[PDB]
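Engineer: fold the following.
(2 chains, ligands or ions: 4)
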Amino acid sequence: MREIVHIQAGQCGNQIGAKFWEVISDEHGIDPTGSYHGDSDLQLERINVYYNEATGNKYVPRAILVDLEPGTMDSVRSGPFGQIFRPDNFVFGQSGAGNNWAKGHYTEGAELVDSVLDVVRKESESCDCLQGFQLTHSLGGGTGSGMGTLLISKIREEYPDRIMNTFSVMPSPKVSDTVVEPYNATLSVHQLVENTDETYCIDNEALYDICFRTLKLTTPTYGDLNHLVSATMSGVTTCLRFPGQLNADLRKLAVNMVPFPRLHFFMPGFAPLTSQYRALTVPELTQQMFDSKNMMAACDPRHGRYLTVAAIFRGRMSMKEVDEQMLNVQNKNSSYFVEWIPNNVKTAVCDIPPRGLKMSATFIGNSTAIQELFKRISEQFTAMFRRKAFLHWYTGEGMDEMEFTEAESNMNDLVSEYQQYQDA
Amino acid sequence: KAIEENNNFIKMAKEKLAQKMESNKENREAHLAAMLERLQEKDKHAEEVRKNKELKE
Ligand SMILES: Nc1nc2c(ncn2[C@@H]2O[C@H](COP(=O)(O)OP(=O)(O)O)[C@@H](O)[C@H]2O)c(=O)[nH]1
Ligand SMILES: CC(C)(C)c1[nH]cnc1/C=c1\[nH]c(=O)/c(=C/c2ccccc2)[nH]c1=O
Ligand SMILES: [Ca+2]
Ligand SMILES: [Mg+2]
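Structural biologist: Residues are numbered from 1 along each chain as shown, chains lettered A, B, ... in the order given. Ligands and ions are numbered 1, 2, ... in the order given. The structure is reproduced below:
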């Protein structure tokens, strides 16, 4: 188990996805045309996880770029690292999906899905040992939401034993393109509860607040939100992309993070938050990454309890001080970690720091406080659905009101299930 | 179901339209048929007037 297949779907999926390849290619010393110009052998030791090797010693990302319109995928190709991607892996339709889950999942996206799966099969075939898939998308649009979850369902049919993880951007009125986002997200969440092993719940509410409150940016663009996303995505993928004596693949990580199959929605976090000169001390990283302000999903961890925690520190620091600090927050806030999973906070350290920072920490939290996120989308859903508002857009594409009722019920069951373990 | 309903709408729009355009052509023709039949009734009255002049001499 070494190779991971990456897929990016829709405007948002391709935007944050393109930043992921901008960040990690710099970390692996791969230039905009695909040639290696690093210095450490550690940059090439596990380069196979995300790159295929081409003729002339070129490194081509194992990345499939999906959208139902050309727009954003034309921007990706024109953008700074656009030339590195394999041209066959740009699979796109023309009419778009108009922020419509039904168009992505059932009509427009159905017409395109089989040609995307052919490229996935192409990449999966020439993989010595495929460990799984990762997907970037939003749940608020049409393509990433509707087609992304369709692809996830088709990939599970063809590759039932491989890991499926997602980086799933959640919608919020604060950063809102259309009023139907709660509908699109609720329909997607039900798909993710069934068909993913992990979903990283990037909340655009939280990314905005981090940009506004704790980074003093008055008018945040999507680039400012995506900067925080790409830093986190680098962090969660670090332990696969480098050593250091950590013998773990996606399954091993998923086995230790997910005690219950449906409860695999994580709370990502990063320290320090950037947009510096004084490098942070190990106590500061530990306090910041556990701080609510640094959470990428707009939930208060004090309102829930941690099932599992994973923290991966980057940079040259004392592992003794890391162990001391990670044991300090557990033993001084022991009510917020479930007693019925002993030793649930685990830690790794990687020597290579990311670009610009001398040391950093990435936080992955399977907290029951994530119910707050699903409750917030459930309220926005019901507000519209009690009056069947905007439903004509979905019923015109052949959907039934029953499918909405089901999805509503399934997400409120997920919230009930998170509540069960919060009190136990 | 999405095809079925899009076809249903094309179907029933086409039938509703053909039913109206035919019903209108029936009406407008029956309106003009009545107008000419009243005008032809005057020609028959003017033939009785011109006969009652000659049949009174
Ligand atoms: N964080 C982030 N969110 C985005 C971005 N672009 C769109 N969104 C969010 O995604 C939703 C719209 O989906 P989008 O990806 O544009 O539609 P799609 O192309 O049909 O998948 C909204 O909730 C937006 O707030 C982006 O670049 N970054
Ligand atoms: C011991 C340590 C810190 C390595 C650990 N223990 C359990 N989890 C992790 C970390 C991770 N756990 C994950 O599940 C994880 C998920 C992942 C990795 C790559 C791509 C997508 C998801 N990434 C991680 O870094
Ligand atoms: Ca078509
Ligand atoms: Mg959009």
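Engineer: which ones are touching residue A:233?
Structural biologist: A:16, A:19-20, A:23, A:136, A:167, A:200 (Cβ atoms under 8 Å, 6 or more residues apart in numbering or on different chains). (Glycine included, C-beta is placed from N, CA and C.)
Engineer: what does the stretch 1-150 of chain A have sitting close to chain B?
Structural biologist: Contact residues, the stretch 1-150 of chain A versus chain B (Cβ under 8 Å from any Cβ of the partner chain): A:106-107.
Engineer: all strands of the stretch 1-150 of chain A, in order?
Structural biologist: Along the stretch 1-150 of chain A, the stretches classed as strands by DSSP state E, counting those that start in this stretch are A:3-9, A:51-54, A:58-61, A:63-67, A:90-92, A:130-138.
Engineer: of these, flag the one that's most buried.
Structural biologist: strand A:63-67 (a mean of 27; mean count of other Cβ atoms under 10 Å in any protein chain shown).
Engineer: orientation of that one relative to strand A:130-138 in degrees?
Structural biologist: Angle, strand A:63-67 to strand A:130-138, by axes from the mean of the first three to the mean of the last three Cα atoms, to 10 degrees: 30 degrees.
Engineer: strand A:63-67 pairs with which strands?
Structural biologist: Sheet pairing for strand A:63-67, assigned by DSSP bridges, gives strand A:3-9 (parallel), strand A:90-92 (parallel).
Engineer: same list (the strands of the stretch 1-150 of chain A) but as CSV, adding distance to residue A:314.
Structural biologist: CSV is the format used below for the strands of the stretch 1-150 of chain A (distance: least, Cβ to Cβ, whole Å):
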stretch, distance to residue A:314
strand A:3-9, 19
strand A:51-54, 20
strand A:58-61, 22
strand A:63-67, 23
strand A:90-92, 32
strand A:130-138, 20
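Engineer: neighbours of residue A:358, how many?
Structural biologist: 16 (other Cβ atoms under 10 Å in any protein chain shown).
Engineer: got a list of what it touches?
Structural biologist: Residue A:358 neighbours (Cβ under 8 Å, 6+ apart): A:279, A:315-316.
Engineer: go again with 6 Å.
Structural biologist: A:279, A:315 (Cβ atoms under 6 Å, 6 or more residues apart in numbering or on different chains).
Engineer: residue closest to the middle of chain A?
Structural biologist: In chain A, the centroid-proximal residue (Cα atoms, centre = their mean) is residue A:167; its distance is 1.6 Å.
Engineer: quickly find the element holding that residue.
Structural biologist: Per DSSP states H and E: residue A:167 is located in strand A:163-170.
Engineer: roughly how far apart are residue A:395 and chain B?
Structural biologist: Using Cβ to the nearest Cβ, to the nearest Å, we find residue A:395 at a distance of 8 Å from chain B.
Engineer: out of everything not next to it in sequence, what's closest to that residue?
Structural biologist: residue A:401 (7.4 Å; Cβ to Cβ, 6 or more residues apart in numbering or on different chains).
Engineer: how many other residues sit next to that neighbour?
Structural biologist: Residue A:401: 12 neighbours (other Cβ under 10 Å).
Engineer: return the distance of stretch A:76-92 from the chain's centre.
Structural biologist: 20 Å (Cα atoms, centre = their mean, to the nearest Å).
Engineer: would you mind writing the CA trace of that stretch as CSV?
Structural biologist: Extracted as CSV, the C-alpha positions of stretch A:76-92 are listed here (Å, rounded to 0.1, in the frame of the first residue of the first chain):
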residue,chain,number,x,y,z
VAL,A,76,-6.3,25.5,-13.5
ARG,A,77,-4.5,24.7,-16.8
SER,A,78,-3.6,28.5,-17.2
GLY,A,79,-2.6,28.8,-13.5
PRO,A,80,1.0,28.5,-12.0
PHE,A,81,1.3,24.7,-11.7
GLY,A,82,-1.3,23.8,-14.4
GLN,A,83,1.2,22.3,-16.8
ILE,A,84,2.2,19.5,-14.4
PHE,A,85,-1.1,17.6,-14.7
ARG,A,86,-1.6,14.8,-17.2
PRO,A,87,-3.8,16.2,-20.1
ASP,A,88,-5.9,13.0,-20.4
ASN,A,89,-7.0,13.5,-16.8
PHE,A,90,-8.9,16.7,-17.6
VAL,A,91,-12.4,15.2,-18.0
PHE,A,92,-15.1,17.8,-18.5
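Engineer: quick check: buried residues in that stretch?
Structural biologist: The neighbour-count check on stretch A:76-92 (16 or more other Cβ atoms under 10 Å in any protein chain shown) flags A:76, A:79, A:81-82, A:84-86, A:89-92 as buried.
Engineer: contacting residues around the closest residue to chain A within chain B?
Structural biologist: Of all residues in chain B, residue B:2 sits closest to chain A, at 3.2 Å by Cβ to the nearest Cβ. For residue B:2, the contacting residues are A:397-398, by Cβ under 6 Å, 6+ apart.
Engineer: near ligand 1, anything from the strand holding residue A:167?
Structural biologist: Yes. Judged by Cβ under 6 Å from any ligand atom, strand A:163-170 comes into contact with ligand 1 at residue A:169.
Engineer: kindly report the same for stretch A:293-307.
Structural biologist: No. Figure legend: stretch A:293-307 not in contact with ligand 1 (Cβ under 6 Å from any ligand atom); closest approach 9.9 Å.
Engineer: wait, does that stretch contact ligand 2?
Structural biologist: No. Applying Cβ under 6 Å from any ligand atom, one finds stretch A:293-307 out of contact with ligand 2, separated by at least 12.0 Å.
Engineer: ok now stretch A:359-376, how far from the chain's centre?
Structural biologist: For stretch A:359-376 - counting by Cα atoms, centre = their mean - the centre lies 12 Å from the chain centre.
Engineer: just the terminal-to-terminal distance for it.
Structural biologist: 34 Å (Cα to Cα, to the nearest Å).
Engineer: and that stretch with ligand 1, contact?
Structural biologist: No. Residues of stretch A:359-376 contacting ligand 1 under Cβ under 6 Å from any ligand atom: none, with a closest distance of 13.2 Å.
Engineer: which residues sit against that stretch?
Structural biologist: Here stretch A:359-376 has contacts from A:235-236, A:257, A:265-267, A:269-271, A:279, A:285, A:289, A:297, A:299, A:301, A:303-315, A:317, A:353-354, A:411, A:414-415, A:418, A:421-422, using Cβ under 6 Å, 6+ apart.
Engineer: try stretch A:128-140
Structural biologist: A:1-10, A:12-13, A:16-17, A:124, A:144-145, A:148, A:155, A:162-169, A:171, A:181, A:184-185, A:188, A:249-250.
Engineer: mind giving me the ChimeraX select for these, buried ones only?
Structural biologist: The ChimeraX command for the buried members of the contacts of stretch A:128-140 (criterion: 16+ other Cβ under 10 Å) is given here:
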select /A:1,3,4,5,6,7,8,9,10,12,13,16,17,124,144,145,148,155,162,163,164,165,166,167,168,169,171,181,184,185,188,249,250
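Engineer: residue A:267 and residue A:227, how far apart?
Structural biologist: In this view, residue A:267 and residue A:227 are 19 Å apart by Cβ to Cβ, to the nearest Å.
Engineer: more neighbours, the two?
Structural biologist: Legend: neighbour count by other Cβ under 10 Å for residue A:267 and residue A:227, higher for residue A:267 (27 against 21).
Engineer: where does that one fall, secondary structure wise?
Structural biologist: Applying DSSP H and E, one finds residue A:267 within strand A:265-271.
Engineer: count of residues packed around the closest residue to residue A:237 other than its chain neighbours?
Structural biologist: Residue nearest to residue A:237 in three dimensions, not counting chain neighbours: residue A:24, with 7.0 Å by Cβ to Cβ, 6+ apart. Residue A:24 has 22 neighbouring residues, counting by other Cβ under 10 Å.
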